[PDB]
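Peer 1: Submitted below is the structure of interest, expressed as structure tokens.
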Ligand SMILES: CCCCCCCCCCCCCCCCCC(=O)OC[C@H](COP(=O)(O)OCCN)OC(=O)CCCCCCCCCCCCCCCCC
Ligand code: HEM
Ligand code: HEM
């Protein structure tokens, strides 16, 4: 409910990847499905993602964070990689089922 | 490990049981021979003459 | 043409490993520690070699040769105490290297992690037999205790322990073969470190954010060259103040007496880097169960890559598992404290709860926490 | 509706009669307005004795250049007049002369075929012209790499036997053979008991039998000295021929083992095994989702340009194996993967791939038996090899009796721990030598 | 020296580059430098002062680097700056 949503915003701020300007889907570990979904991205989102990753690595290199006005706010964290990841996961389950039977 | 739960993997496992059992027999015979185990070599007839 | 650094077959290996190696720009000082380990290994070898120039592995003259090194050889006390405090420094750097690998998700490099686990086993065995080598009271009694726990193995354990002893107890043959094995194992450790670097350079190294650092990578020279030289110089500051100012704060006084099989010490302990394993083994009221507890503690450290149930790699953005990790480090500190205490109230129940919480945190609580974090971050 | 069984059993039967000479006359009737009528002779390069190694090929060239009754191109004017098509081919064991025509032109076609088998006038000027033609078509046939590789495979697999020598023969024999060698070959190997008159399509069997009685009666029936030739078994040799020529852009490699022969039924099972491995070339649209593991790993690793599997059968012998075309820097990897698939079929065959191979074999047989020409071809080969036309229902029964256990048993009988014949042509330096291939013919884990 | 002599004499060919050189010469030097003066200044240059001038303007100097395109294998500024001097000298 509303209390769970507020606690989830509090946990989003406690996670701290918004202070580096990262989105939710930028922090995913690159497994095979994640690399395939990254390879299926359009070039604008691909370039935005890798600039955000490069800026986060630079900020971690100098042990600093972004200014608070430049933080990734909670309601503008768009899950761009999620439908591509669902497509890759579902087709991998289909191939796994065909190899299983 | 629900990836390998299917009829094809069960058929593959059933096909590879006798080869794995024969390799386990090879390993057990080699272990008994190399360690000179008295619990088995005292029962084999021609091997009894060296004890 | 004249780019010998990348055309000479010897020089291209050093180039590819240390000069033009693409390293992440954002790695912290924790990533220094493994390089320190290699340097510390070299230090140990060098000091050990000079300690091998005057030491005799005879039970009537091992203690006498150690005293002759410390008294009559020019700066022989310096070489011996650099060797002992460098063993302590090596285990400090191992603990911090392993803790970095646990925290930052570096165990997903599975071959590098497994070669590391083999390296850790080899270094612990080398340090144990090296501590047996000066032939004091505590050396002999610790060797006797550890070999008796090895004799706890059913149906093959007693014959294996008398085979390792070369007789009925810890004696002349045990000391001489321990000198031979303590000489030969660090070179195998160096070869396994070469394999370690080979696998890591095959897969690349990790960064504290746990992200793909291919977008921002820098040459190893001169950045991490001067950074690891600064780390080596800090480590030599701590090692030399430990040698020249507090030489006995980590050692034990009863090793300064000769070995007496008639007299047993009132309390027998290993060194500080074995105390957590001693407390883990000593908590279970069984022999074979305690030996299996020690072996499976280092084996679940090896088993750690199979327990990762999170879609993020490092713990930088995972606060609940951060709390669990620091509770685990705190529990390891408690186990190290308990391992140096005798068995009276309440040390038995504190060590038992500490070992139970250690295995519960590693095996149960961390993947459950990662699943809870994946729920809370709306991943699935 | 009708299932596969009665659809196969509704195929009209091939009816066979025999003349007084021993000439077989076989026909199968369909509703088509066209027909294919051919003569199949049990005579190839296996019956030649190295002194007449190109006699069948050169007679196959001379057979359409005029007869005694129809001198010269007037003969082919006749086969232009009804709009019919005239074809001939020669293999190592069989020779075929076939005509595709209309149904109503059935008599004259048969009469034409009669001339082609027993009245061919071999003019010496035509012999010189066809000698030059055969020389220039060998000079273009050696440019085709797969024919060179399969000839090399036959030579190195059947060393010292009449099955090593090619259908075309060497060039010295083409420059050397005269009219009397052709006459002796024609009087030796064109006997009536070794001949089948096969008809497929809109033909009546009684009319075809009457036409064969009218035209094809009394061919020879007698060997004229009581000197009957006998078929001799051919020794298989596990061996290797490597023709290295680094200027060629692509390399062709064929690896085979000994086949069972025509009459051995496990051929069917071996065909199913080939259907598991299948074929591939670079224009296939399946991508990485191809069912064959060899084709999938070839697409995934960009290894081969093409591969195919073959089961070539001769009289109680044959070559069972695979031929692939790829660049040099992939060759060894291709060999490795190919051998792995064979050992998997010897050790770890499952029911799903066996079912897929059975379905592929059913589709292959029924889709191959389509049109009058392949049906007539199958009738001629079936009467020459099996002595009878095997119906499609018997083929379906022999397919459905095949399971995974007998497939891996037969594959272990024919592939496991066998010495192969290897033929390579092109940049084949990275093609492994015989110890590595022979060691890849078995697994240390079984 | 021969390349520079040929280059400037070949550049001063036609009315347009001569007028262009006159305009730049009076804007920059305040005068038109004659070509014989250029030849004398070329011929006074030998290997010793070439080494001195190249060491003064090149050796152990901080460069300006501009890169555009696939410049991932373009080295760091520290590596370039280290390459702007020799340890053997
Ligand atoms: C709730 C907020 C904190 C408390 C109120 C204070 C608010 C201050 C607000 C001002 C801002 C401060 C700076 C904020 C920085 C980032 C946020 C932060 O630090 O959060 C608090 C932190 C982590 O919180 P988080 O992990 O998000 O909570 C998970 C719960 N769902 O940490 C915590 O939540 C506290 C964790 C405490 C852990 C205690 C463990 C006790 C047991 C240890 C045993 C060790 C030994 C075991 C031995 C066993 C055998 C005997
Ligand atoms: C191949 C190289 C090495 C040689 C030749 C060597 C040799 C020796 C010798 C002769 C001693 C006895 C002298 C003494 O008591 O101080 C010794 C002690 C010791 N060595 Fe080593 N050593 C080597 C490497 C190592 C390594 C890598 C470690 C582990 C970090 C290690 C740990 C120890 C320890 C803990 C002692 C006991 C120190 C003491 O109590 O005095 N050694 N070594
Ligand atoms: C014998 C002592 C050891 C030496 C000399 C050694 C050496 C090194 C070196 C040189 C590196 C690369 C630099 C760095 O990232 O720190 C490294 C990294 C690494 N080592 Fe070790 N190591 C040792 C022990 C271990 C152990 C015991 C483990 C397993 C727990 C281990 C696992 C790793 C991992 C996972 C990395 C990758 C770090 C990352 O990219 O995050 N090492 N080691």
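Chain D is numbered as in Swiss-Prot, which gives 35-480 for the residues shown.
According to its header, the structure was obtained by electron microscopy, 2.6 Å.
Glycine is treated like the rest: Cβ placed from N, Cα and C.
Pulled from Swiss-Prot, these are the listed features:
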MOD_RES   D:111  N6-acetyllysine
MOD_RES   D:138  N6-acetyllysine
MOD_RES   D:163  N6-succinyllysine
MOD_RES   D:163  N6-acetyllysine
MOD_RES   D:212  phosphoserine
MOD_RES   D:214  phosphothreonine
MOD_RES   D:248  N6-acetyllysine
Peer 1: Between residue D:212 (phosphoserine) and residue D:111 (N6-acetyllysine), what C-alpha distance do you get in Å?
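Peer 2: Counting only the Cα atoms, the answer is 27 Å.
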Peer 1: Just give me the nearest neighbour of the residue listed as 'phosphothreonine' among the modified residues D:111, D:138, D:163, D:248, Cα to Cα.
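Peer 2: If we rank D:111, D:138, D:163, D:248 by Cα distance to the residue listed as 'phosphothreonine', first place goes to D:163.
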Peer 1: Give me the CA-CA distance between residue D:138 (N6-acetyllysine) and residue D:111 (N6-acetyllysine), in Å, as a whole number.
Peer 2: 18
Peer 1: What subset of the modified residues D:111, D:138, D:163, D:212, D:214, D:248 has a Cβ positioned less than 8 Å from a Cβ of chain E?
Peer 2: none
Peer 1: Just how many other Cβ atoms lie inside 10 Å of the Cβ on residue D:138 (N6-acetyllysine)?
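Peer 2: The Cβ of residue D:138 (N6-acetyllysine) has 11 Cβ neighbours within 10 Å.
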Peer 1: Under a three-state reading of DSSP, tell me whether residue D:163 (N6-succinyllysine) is helix, strand or coil.
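Peer 2: Note: residue D:163 (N6-succinyllysine) is helical by DSSP.
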Peer 1: Quick one: Cα separation, residue D:111 (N6-acetyllysine) versus residue D:248 (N6-acetyllysine), in Å?
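Peer 2: Here the two Cα atoms are 23 Å apart.
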Peer 1: Cα-Cα, whole number of Å: the residue listed as 'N6-succinyllysine' versus residue D:248 (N6-acetyllysine)?
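Peer 2: Each residue's Cα considered, the residue listed as 'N6-succinyllysine' and residue D:248 (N6-acetyllysine) end up 34 Å apart.
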